[PDB]
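**Student:** So that we are looking at the same thing, I have put the structure below in structure tokens.
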Amino acid sequence: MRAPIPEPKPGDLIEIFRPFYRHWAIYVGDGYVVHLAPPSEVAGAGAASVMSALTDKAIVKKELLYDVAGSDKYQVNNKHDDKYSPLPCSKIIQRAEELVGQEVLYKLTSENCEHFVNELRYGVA
């Protein structure tokens, strides 16, 4: 059953459970997230190694949370809100949205997405 997400606030870390692993994102508005994605704004799924389903690249992207949640499941998980949050929500969101549209030359593993997104919430991975 669909439901709101009234506890989280823009600037919070989201995790995205996938069928056999997980992924990471950050909430940036009342429905949207910034996250790493496969190379999907550069090639028609037929002009990069994405066609071979074997690549070691990603892109920083923005999407509706409920599309990203289509992976399998999701949770809010500010991994160190128990210890730190040196940046206000405004700056966290501003960094997230400043960094959309670039490519990165590493795969979107759980570790690489966690690394990038922690750089937004806490200034450093």
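Think of each number as a place in line: the chain as shown, counted from 1.
Recorded method for this deposit: solution NMR.
Placed from the backbone N, Cα and C atoms, the Cβ positions cover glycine too.
When I checked Swiss-Prot for this same protein, it listed these features:
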ACT_SITE  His23  active site
ACT_SITE  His35  active site
ACT_SITE  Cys113  active site, acyl-thioester intermediate
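I'd like these features described in context: how deep, what's nearby, how far apart.
**Tutor:** DSSP classifies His23 (active site) as strand under the three-state reduction. Same-chain residues at least 6 positions away in sequence with a Cβ under 8 Å from that of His23 (active site) are, in sequence order, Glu15, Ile16, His35, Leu36, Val68, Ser71, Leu108, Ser110, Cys113.
Counting every protein chain shown, 25 other Cβ atoms lie within 10 Å of the Cβ of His35 (active site).
Every protein chain considered, the tally of other Cβ atoms within 10 Å of the Cβ of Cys113 (active site, acyl-thioester intermediate) stands at 24.
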